[PDB]
J.: 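Below: one structure in structure tokens.
In what follows, every chain begins at residue 1, and chains take the letters A, B, ... in the order their sequences are listed.
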Amino acid sequence: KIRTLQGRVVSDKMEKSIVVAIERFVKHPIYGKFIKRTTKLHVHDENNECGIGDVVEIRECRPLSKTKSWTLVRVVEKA
Amino acid sequence: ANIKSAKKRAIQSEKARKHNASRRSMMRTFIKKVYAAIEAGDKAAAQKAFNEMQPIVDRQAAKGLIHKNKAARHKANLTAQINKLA
Amino acid sequence: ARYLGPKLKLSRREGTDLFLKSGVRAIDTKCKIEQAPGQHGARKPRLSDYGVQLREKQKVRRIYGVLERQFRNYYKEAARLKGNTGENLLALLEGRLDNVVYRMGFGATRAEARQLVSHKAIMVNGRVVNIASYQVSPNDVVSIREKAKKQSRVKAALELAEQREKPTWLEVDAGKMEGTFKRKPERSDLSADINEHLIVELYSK
Amino acid sequence: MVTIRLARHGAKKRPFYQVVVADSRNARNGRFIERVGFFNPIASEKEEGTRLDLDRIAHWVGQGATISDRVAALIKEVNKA
RNA sequence: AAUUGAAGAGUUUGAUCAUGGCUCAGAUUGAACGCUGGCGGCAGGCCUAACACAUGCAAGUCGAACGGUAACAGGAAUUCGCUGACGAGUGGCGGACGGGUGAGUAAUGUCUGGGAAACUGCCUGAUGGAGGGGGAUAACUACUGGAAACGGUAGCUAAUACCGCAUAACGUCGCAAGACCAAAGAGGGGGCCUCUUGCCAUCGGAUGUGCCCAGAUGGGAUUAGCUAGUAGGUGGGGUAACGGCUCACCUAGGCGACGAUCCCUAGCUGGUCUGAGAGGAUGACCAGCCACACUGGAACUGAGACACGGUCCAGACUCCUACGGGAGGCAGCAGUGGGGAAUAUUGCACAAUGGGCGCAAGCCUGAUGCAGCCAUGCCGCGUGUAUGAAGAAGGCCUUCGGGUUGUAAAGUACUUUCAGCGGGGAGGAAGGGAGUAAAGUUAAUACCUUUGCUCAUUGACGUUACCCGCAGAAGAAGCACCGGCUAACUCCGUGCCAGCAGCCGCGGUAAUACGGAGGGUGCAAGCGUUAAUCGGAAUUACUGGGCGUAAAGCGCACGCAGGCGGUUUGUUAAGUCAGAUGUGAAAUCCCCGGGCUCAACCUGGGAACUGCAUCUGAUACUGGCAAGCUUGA
Ligand SMILES: [K+]
Ligand SMILES: [K+]
Ligand SMILES: [K+]
Ligand SMILES: [K+]
Ligand SMILES: [K+]
Ligand SMILES: [K+]
Ligand SMILES: [K+]
Ligand SMILES: [K+]
Ligand SMILES: [K+]
Ligand SMILES: [K+]
Ligand SMILES: [K+]
Ligand SMILES: [K+]
Ligand SMILES: [K+]
Ligand SMILES: [K+]
Ligand SMILES: [K+]
Ligand SMILES: [K+]
Ligand SMILES: [Mg+2]
Ligand SMILES: [Mg+2]
Ligand SMILES: [Mg+2]
Ligand SMILES: [Mg+2]
Ligand SMILES: [Mg+2]
Ligand SMILES: [Mg+2]
Ligand SMILES: [Mg+2]
Ligand SMILES: [Mg+2]
Ligand SMILES: [Mg+2]
Ligand SMILES: [Mg+2]
Ligand SMILES: [Mg+2]
Ligand SMILES: [Mg+2]
Ligand SMILES: [Mg+2]
Ligand SMILES: [Mg+2]
Ligand SMILES: [Mg+2]
Ligand SMILES: [Mg+2]
Ligand SMILES: [Mg+2]
Ligand SMILES: [Mg+2]
Ligand SMILES: [Mg+2]
Ligand SMILES: [Mg+2]
Ligand SMILES: [Mg+2]
Ligand SMILES: [Mg+2]
Ligand SMILES: [Mg+2]
Ligand SMILES: [Mg+2]
Ligand SMILES: [Mg+2]
Ligand SMILES: [Mg+2]
Ligand SMILES: [Mg+2]
Ligand SMILES: [Mg+2]
Ligand SMILES: [Mg+2]
Ligand SMILES: [Mg+2]
Ligand SMILES: [Mg+2]
Ligand SMILES: [Mg+2]
Ligand SMILES: [Mg+2]
Ligand SMILES: [Mg+2]
Ligand SMILES: [Mg+2]
């Protein structure tokens, strides 16, 4: 298989690129409470199919621009 | 230089620089002719200039002045531009 | 690195006999044993709880002749070893070579047995050992060297050892002047006037 | 290149060598790839003074690893049991 | 077997309970200072000025690549490179390692775990090649410039230096057809052969390096907005390689309260100190990573450097000069000056381990192995043992009886570690060199290779460890404290003075608190003081605290983000749980052992590294999705 993250599209205003927010759920190292953390990745979106809100599906690839190193696999859910 | 072998290395590297510089200039001159012919949109001449460039970049790559990957890049980039000249 | 002063002032401060003399006389025939030393020695000490812990530690130290840095290291090892820390600390002091040599009878006191060890007159399993703090293992054979078998103090020391209770974890042959260390002495084989739990608590203060 | 040599440890006047596989450029007691045995030159009798993993040594030699002269001698005495 | 682990006290009041700060007992250190000081072992030693540096040394090697002959040594007769060899020169390889430092760096780096678009000397495997030519150049010779550094002109010469040509496919470009690219010899022996070694191409391995991503890694909001190659796209260029890496054009984006930007501080980690733990503090030595090399900038050569003991430019300093011009960079080792409370010798040796070059012998190696200096730390040992009442003298105290110092001393018996003297004497040595005989090779009993045997040899440490002998208790004890916390009390002196002090406090003419003394207590080759960290401090409280009146509920609301979510079924498997696999460097810590006479120290094997990722399962609980229910609204 291939490692794969899944997140939600928060920006699609670039040509062939999207910003995807990935949510993680981790235990706080001191206080033990489970908190939500977010990471925003720049993702390559050929065909420009994704819209702001869709739940997508991304994988890691070679660098494609200064900030892009991830590429869109599929759309899991459309907004 | 303070060390005897450092002195000789300086003399040797300077001699190698002049030798390398003339060959590098020579190779670049031949590559420029292909780009100049492509500019003029002359496929006949562009294909000609490509043909004497090709043994030049290959021999220089074997002699260690450029890398094989660089020689391959020039040949690929120029071939791709020559074939679109039709 | 060794206490070199009067020996009975120690036993007088601790209010008991520390076996610091050979035993040819009675500790009361050489000193005022029940009186602490000094000008104010006749006063009645109101020992705090710390003072009672301290005096118990100084007693065990003064019996075996160990200084504080070495004794603190015995305690650290006793606490590290599995089992009852207080008993582990007594077993480590009873394993010392200079103590084992004295309990075997080769020395009149622990100081004399230490001089015999220091002056290269003792062997362990057949090798000269002049380290007073050497730890004797079970089944080890301690013996007197040949050039020291003729010393007059070793027989004077062997004639005072039967005047005392025979240690049952050893096995001496006064003839060949050699003994075997069969096992570590249990807590029961050791004196009952030593309250080692006071020492363990002192080192948690 | 990759070599198989002795790293000097132990104490003063009482060396104790570890047999290591290492890039030869690295310092004697520095970065190494894999430890494959030891060698105690002042070992007492009845004490193991030399142990080598000859299957790991043979694995690295098959990948081009050279061998120092002292480790070569140690391999011989070990094979000559 | 490897989680045996947790102490309080003083001080606010006339007294009390609470609250609350302050202070103390502990452990620790790259320590410093004061007093004192016997020996050994193992370690440690510029924390400040990344200040400036005299002198010596820290990188060379190869004649088996080459022309050669300055030696000196032979062979030949002042002559001959003829040989062993070898100065200078060409060429190869090394000089990018090893060693130093922590200035910069707050993520560009580091740590953990992943990843794709790459190169990689020496080493290693495979398959093929290694044909035939050419033009130079140093050295050298002649003349010549300059004070020097450093050059100029002419002529000659060699190669594994350099360049064509040939050869050209599991290689490069291309859909294809096709087109195109390499190379070097040297050495030993032999009735040109043979062996050894090197050269070239391609494909692998191994090692090293470059690059990408995610999470982690200081403080500040009395820094809230930042950014135009900026964010993305297309095309060209560029790199070993992906990429705004770069350029042109298009789009108008990208980052930020999950803290951007700005400011201050800082090398990161394994670990270390402390702590019952959770934490807190910290990053010296040792090992991994990074960065830097007088300051700023740049590239060249090269497999690899934008290069500590290389090059070029600029700058500040030092120096030389004939005034035109030149030289240098200890944060390598040692050392000097300076700064500082404070940190060592201008040592020996390549014998061992390792590195460079060499077929090797060997040469080089301030790496390293050792020695010197310093109680800086840890650990071990000694400074005597037994006897000895006259309870002597002398001191101190005394109600004058005595008490104490005190078995202490003297005396009398003994031992002799260590130091001193003399004698013996391991181990770190593996090897390499000569011989041999056998086997492998070859046309060859030759050479070479391999494996045995034989013979002589290699230790800086070093007067080694260690053992034996001689002599005589002979050479060897100090420092702080004694009102309470806190173990240990008297006298004399002083009289709110002199002084002590961590705190409570002490000192005013009967001071157990100042100073001396006698006595005592605690540690002991050390003991005190100061600095600094954690502890005690549940006194930032996750474990583990508070808010009516002690400090503390916003004047009251509404409400976005955020946190939290009644009940039932199904589904999902993110959280969670179980198991597996990979990784979590070694050292350190811990457990069981082993070796130094013991210990410190060294070391074998385990455990641990409480994490991350992947895979396979579990489905109660939490989350998501779907459908409800009515008790909250
Ligand atoms: K050279
Ligand atoms: K008070
Ligand atoms: K209090
Ligand atoms: K090089
Ligand atoms: K730094
Ligand atoms: K050729
Ligand atoms: K850019
Ligand atoms: K682009
Ligand atoms: K830490
Ligand atoms: K710099
Ligand atoms: K270096
Ligand atoms: K050496
Ligand atoms: K007297
Ligand atoms: K008297
Ligand atoms: K008076
Ligand atoms: K709490
Ligand atoms: Mg792009
Ligand atoms: Mg391109
Ligand atoms: Mg000591
Ligand atoms: Mg410094
Ligand atoms: Mg020469
Ligand atoms: Mg060549
Ligand atoms: Mg050709
Ligand atoms: Mg830190
Ligand atoms: Mg990039
Ligand atoms: Mg581009
Ligand atoms: Mg700094
Ligand atoms: Mg605590
Ligand atoms: Mg280059
Ligand atoms: Mg350099
Ligand atoms: Mg230098
Ligand atoms: Mg220096
Ligand atoms: Mg000074
Ligand atoms: Mg030299
Ligand atoms: Mg020897
Ligand atoms: Mg008291
Ligand atoms: Mg008075
Ligand atoms: Mg006083
Ligand atoms: Mg706390
Ligand atoms: Mg409170
Ligand atoms: Mg009030
Ligand atoms: Mg209030
Ligand atoms: Mg209110
Ligand atoms: Mg409300
Ligand atoms: Mg619920
Ligand atoms: Mg799950
Ligand atoms: Mg480890
Ligand atoms: Mg042992
Ligand atoms: Mg271990
Ligand atoms: Mg569920
Ligand atoms: Mg549910």
J.: Look at the side chain of C/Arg127 against the base of E/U597 and say whether a donor-acceptor pair falls under 3.5 Å; ignore hydrogens and angles.
T.: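 Looking at the base of E/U597, it does not pair with any donor or acceptor on the side chain of C/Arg127 (distance under 3.5 Å).
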J.: Which nucleotide, in any strand shown, forms a Watson-Crick or G-U wobble pair with E/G579, with both distances under 3.5 Å?
T.: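 Pair assignment: E/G579 / E/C615.
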J.: Kindly indicate whether the side chain of C/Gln115 and the base of E/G384 share any N or O donor-acceptor pair separated by less than 3.5 Å?
T.: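 Yes.
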J.: When you measure from the side chain of B/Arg9, which nucleotide among E/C93, E/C418, E/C523 comes out closest?
T.: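 Taking heavy atoms from C-beta onward, the closest nucleotide is E/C93.
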J.: Counting only side-chain heavy atoms from C-beta out, which of E/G232, E/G174, E/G522 sits nearest to A/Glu15?
T.: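 Of the options given, the side chain of A/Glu15 lies nearest E/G232.
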J.: Is the ring centre of C/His119 under 5.5 Å from the base ring centre of E/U417, and are the two planes under 30° apart, so that they stack?
T.: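 Base of E/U417: stacked against C/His119.
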J.: So, for D/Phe38 and D/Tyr17, is the gap between ring centers shorter than 6.0 Å?
T.: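 Not under 6.0 Å, so no.
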J.: Does the E/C592 / E/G604 combination count as a Watson-Crick or G-U wobble pair, both distances under 3.5 Å?
T.: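 E/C592/E/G604: base pair present.
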J.: So does A/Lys68 reach the base of E/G233 with its side chain, donor to acceptor, closer than 3.5 Å?
T.: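 Flag unset: no donor-acceptor pair detected.
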J.: Which comes earlier along RNA chain E counting from the 5' end, the contact point of A/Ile30 or that of D/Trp60, where each point is its nearest nucleotide?
T.: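 Final value for this comparison: D/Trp60.
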J.: Are E/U415 and E/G237 a base pair, Watson-Crick or G-U wobble, with both contacts under 3.5 Å?
T.: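 No; nothing between E/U415 and E/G237 satisfies the definition, which requires both distances under 3.5 Å.
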J.: Do the six-membered rings of E/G535 and E/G536 lie with centres under 5.5 Å apart and planes under 30° from parallel?
T.: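 Stack present between E/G535 and E/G536.
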J.: Among E/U490, E/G237, E/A586, find the nucleotide with the atom closest to the side chain of B/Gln81.
T.: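 Looking only at side-chain atoms, B/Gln81 lies closest to E/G237.
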J.: Could you check whether E/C357 pairs with E/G362 (Watson-Crick or G-U wobble, each of the two distances under 3.5 Å)?
T.: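 Yes, a Watson-Crick or G-U wobble pair.
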J.: Are E/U172 and E/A179 a base pair, Watson-Crick or G-U wobble, with both contacts under 3.5 Å?
T.: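 Paired, yes.
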J.: So for E/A446, where does the sugar sit by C1'-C2'-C3'-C4', north or south?
T.: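 North (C3'-endo side).
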J.: In whole angstrom, what separates C/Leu97's CG from E/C381's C1'?
T.: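 These atoms are roughly 14 Å apart.
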J.: E/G555 on E/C556: ring centres under 5.5 Å and planes under 30 degrees?
T.: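 Yes, stacked.
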J.: How is C/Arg62 classified with respect to the nucleic acid when contacts are heavy atoms under 4.0 Å: base, sugar-phosphate, or nothing?
T.: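 If one applies the 4.0 Å heavy-atom cut-off, C/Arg62 turns out to touch the sugar-phosphate alone, with no base involved.
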J.: Quick one: A/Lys36 NZ to E/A257 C1', roughly how many Å, whole number?
T.: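 Distance, rounded to whole Å: 18 Å.
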J.: List the atom pairs, with distances to 0.1 Å, where a side-chain N or O of residues 67-74 of chain C and a protein N or O form a donor-acceptor pair under 3.5 Å, not counting sequence neighbours.
T.:
{"from": "C/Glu68", "atom 1": "OE1", "to": "C/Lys57", "atom 2": "NZ", "distance (Å)": "2.6"}
{"from": "C/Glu68", "atom 1": "OE1", "to": "C/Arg61", "atom 2": "NH1", "distance (Å)": "3.2"}
{"from": "C/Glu68", "atom 1": "OE2", "to": "C/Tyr203", "atom 2": "OH", "distance (Å)": "2.7"}
{"from": "C/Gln70", "atom 1": "OE1", "to": "C/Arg96", "atom 2": "NH1", "distance (Å)": "3.4"}
{"from": "C/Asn73", "atom 1": "ND2", "to": "C/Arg69", "atom 2": "O", "distance (Å)": "3.4"}
{"from": "C/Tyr74", "atom 1": "OH", "to": "C/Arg96", "atom 2": "NH1", "distance (Å)": "2.8"}

J.: Base, sugar-phosphate alone, or nothing: which one does C/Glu112 contact when heavy atoms must sit under 4.0 Å apart?
T.: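 Sugar-phosphate: the residue C/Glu112, judged by heavy atoms under 4.0 Å, touches backbone atoms but no base.
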